[PDB]
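Chemist: PDB entry and its sequence, pasted below:
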Amino acid sequence: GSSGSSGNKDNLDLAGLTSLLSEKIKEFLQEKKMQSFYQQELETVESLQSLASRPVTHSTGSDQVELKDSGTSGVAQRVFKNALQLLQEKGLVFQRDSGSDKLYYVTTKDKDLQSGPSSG
(Lines give C-alpha, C1' and ligand atoms only; values in the text may rest on other atoms or scores of the structure.)
Protein backbone atom coordinates (compact mmCIF):
# COMPACT_ATOMS: atom_id res chain seq x y z
CA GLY A 1 0.00 0.00 0.00
CA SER A 2 1.81 3.04 1.33
CA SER A 3 1.19 6.57 0.13
CA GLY A 4 2.96 7.86 -2.96
CA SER A 5 3.17 11.30 -4.52
CA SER A 6 6.10 11.69 -6.87
CA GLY A 7 7.31 15.26 -7.23
CA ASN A 8 5.97 18.34 -5.47
CA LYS A 9 6.51 21.51 -7.47
CA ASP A 10 8.31 20.89 -10.75
CA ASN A 11 6.74 21.21 -14.18
CA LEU A 12 9.34 18.95 -15.76
CA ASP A 13 12.49 20.41 -17.26
CA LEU A 14 14.66 20.15 -20.35
CA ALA A 15 16.71 17.77 -18.24
CA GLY A 16 13.73 16.18 -16.53
CA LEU A 17 11.96 15.54 -19.81
CA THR A 18 15.27 14.63 -21.41
CA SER A 19 16.12 11.99 -18.83
CA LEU A 20 12.97 10.32 -20.11
CA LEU A 21 13.77 10.76 -23.78
CA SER A 22 16.91 8.80 -23.02
CA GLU A 23 14.87 5.74 -22.10
CA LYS A 24 12.68 6.49 -25.09
CA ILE A 25 15.76 5.99 -27.24
CA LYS A 26 17.05 2.96 -25.39
CA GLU A 27 13.61 1.46 -25.91
CA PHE A 28 13.67 2.31 -29.60
CA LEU A 29 16.83 0.26 -29.97
CA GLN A 30 15.13 -2.76 -28.46
CA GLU A 31 12.31 -1.98 -30.87
CA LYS A 32 14.38 -1.71 -34.03
CA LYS A 33 16.62 -4.46 -32.70
CA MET A 34 19.87 -2.71 -33.53
CA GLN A 35 23.36 -2.57 -32.08
CA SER A 36 24.29 0.80 -33.54
CA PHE A 37 22.65 4.02 -34.67
CA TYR A 38 22.72 7.80 -34.61
CA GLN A 39 20.84 10.36 -32.55
CA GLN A 40 19.73 11.99 -35.79
CA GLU A 41 18.38 8.65 -36.97
CA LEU A 42 16.12 8.84 -33.94
CA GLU A 43 15.34 12.49 -34.54
CA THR A 44 13.14 11.22 -37.34
CA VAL A 45 11.27 8.97 -34.94
CA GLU A 46 8.13 10.97 -34.31
CA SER A 47 7.36 8.78 -31.33
CA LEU A 48 10.63 10.15 -30.01
CA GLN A 49 10.49 13.70 -31.32
CA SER A 50 7.06 13.94 -29.74
CA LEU A 51 9.05 13.78 -26.53
CA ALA A 52 12.24 15.51 -27.60
CA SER A 53 9.85 18.22 -28.74
CA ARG A 54 7.53 18.10 -25.75
CA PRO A 55 7.08 21.32 -23.76
CA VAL A 56 9.04 22.23 -20.66
CA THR A 57 9.82 25.27 -18.53
CA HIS A 58 10.98 27.47 -21.38
CA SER A 59 9.91 31.03 -22.11
CA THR A 60 12.28 32.73 -24.53
CA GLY A 61 12.64 33.63 -28.18
CA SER A 62 14.28 30.43 -29.36
CA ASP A 63 18.04 30.01 -29.29
CA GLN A 64 19.03 30.70 -32.88
CA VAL A 65 22.61 29.63 -32.31
CA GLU A 66 24.69 27.44 -34.59
CA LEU A 67 21.44 26.21 -36.09
CA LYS A 68 20.44 25.92 -39.73
CA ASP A 69 16.66 25.98 -39.57
CA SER A 70 13.67 27.70 -38.01
CA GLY A 71 10.72 25.55 -37.02
CA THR A 72 11.02 23.96 -33.60
CA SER A 73 13.72 21.31 -33.71
CA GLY A 74 17.00 22.58 -32.32
CA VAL A 75 15.67 22.44 -28.78
CA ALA A 76 15.01 18.77 -29.45
CA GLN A 77 18.57 18.38 -30.67
CA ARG A 78 19.46 19.33 -27.12
CA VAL A 79 17.06 16.86 -25.55
CA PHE A 80 18.10 14.13 -27.95
CA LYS A 81 21.85 14.65 -27.73
CA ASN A 82 21.38 14.70 -23.97
CA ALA A 83 19.16 11.63 -24.09
CA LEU A 84 22.00 9.64 -25.61
CA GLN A 85 24.40 11.04 -23.04
CA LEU A 86 22.24 9.83 -20.18
CA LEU A 87 22.16 6.41 -21.81
CA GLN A 88 25.95 6.51 -21.75
CA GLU A 89 25.62 7.29 -18.06
CA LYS A 90 23.30 4.36 -17.46
CA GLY A 91 25.31 2.01 -19.64
CA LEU A 92 22.67 1.64 -22.33
CA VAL A 93 24.85 3.15 -25.03
CA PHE A 94 28.48 4.12 -25.46
CA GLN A 95 30.72 6.12 -27.77
CA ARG A 96 34.25 5.03 -28.60
CA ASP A 97 35.11 7.95 -30.84
CA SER A 98 34.47 11.29 -29.18
CA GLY A 99 32.49 13.90 -31.09
CA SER A 100 28.95 15.22 -30.88
CA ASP A 101 28.28 13.77 -34.31
CA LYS A 102 29.35 10.22 -33.51
CA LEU A 103 27.75 6.80 -33.76
CA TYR A 104 25.96 5.73 -30.60
CA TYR A 105 26.65 2.11 -29.75
CA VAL A 106 23.77 0.57 -27.83
CA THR A 107 24.28 -2.25 -25.36
CA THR A 108 21.37 -4.22 -26.78
CA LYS A 109 22.28 -6.86 -24.22
CA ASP A 110 25.69 -7.83 -25.55
CA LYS A 111 29.42 -7.35 -25.07
CA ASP A 112 30.70 -3.79 -25.05
CA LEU A 113 33.81 -1.69 -24.58
CA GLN A 114 35.36 -1.71 -21.13
CA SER A 115 35.09 1.28 -18.82
CA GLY A 116 38.74 1.32 -17.84
CA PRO A 117 39.92 3.97 -20.31
CA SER A 118 43.51 3.91 -19.10
CA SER A 119 45.48 7.03 -19.96
CA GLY A 120 49.03 6.20 -18.94
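Modeler: In hand now; what should we look at? Residues are numbered from 1 along each chain as shown.
Chemist: for the most centrally placed residue in the chain, give its distance to residue 114.
Modeler: Nearest to the geometric centre of the chain sits residue 83, at 1.4 Å (Cα atoms, centre = their mean). Residue 83 sits 24 Å away from residue 114, going by Cβ to Cβ, to the nearest Å. Placement of C-beta: from N, CA and C, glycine included.
Chemist: can you check residue 13 too?
Modeler: Residue 13 sits 33 Å away from residue 114, taking Cβ to Cβ as the criterion.
Chemist: who has more neighbours, the two?
Modeler: Taking other Cβ atoms under 10 Å, residue 13 and residue 114 do not tie; residue 13 has more neighbours (12 against 7).
Chemist: the residue nearest to the centre of the chain reaches residue 15, doesn't it?
Modeler: No: the criterion here is Cβ atoms under 8 Å, and residue 83 misses it with residue 15 at 10.5 Å.
Chemist: tell me what the longest helix along the chain is packed against?
Modeler: Scanning the chain for the helix with the most residues, using DSSP state H, yields helix 14-32. With contacts taken as 3 or more Cβ pairs under 8 Å, 6 or more residues apart in numbering; DSSP states H and E, helix 14-32 sits against helix 39-43, helix 46-52, helix 74-90, strand 93-94.
Chemist: the residue most distant from the middle of this protein, which is it?
Modeler: Farthest-out residue of the chain from its mean C-alpha position, per Cα atoms, centre = their mean: residue 1, at 33.4 Å.
Chemist: isn't there a helix covering residue 62?
Modeler: No: using DSSP: H, G, I helix; E, B strand; the rest coil, the assignment for residue 62 is coil, not a helix.
Chemist: can I assume it is in contact with residue 71?
Modeler: No: Residue 62 is beyond contact range of residue 71, at 10.0 Å (criterion: Cβ under 8 Å).
Chemist: quick one, which of these two is more surrounded?
Modeler: Counted by other Cβ under 10 Å, residue 62 and residue 71 do not tie: residue 62 has more neighbours, with 11 against 5.
Chemist: please name the residues that touch the more buried one.
Modeler: Contacts here follow Cβ atoms under 8 Å, 6 or more residues apart in numbering; on that basis residue 62 touches 74-75.
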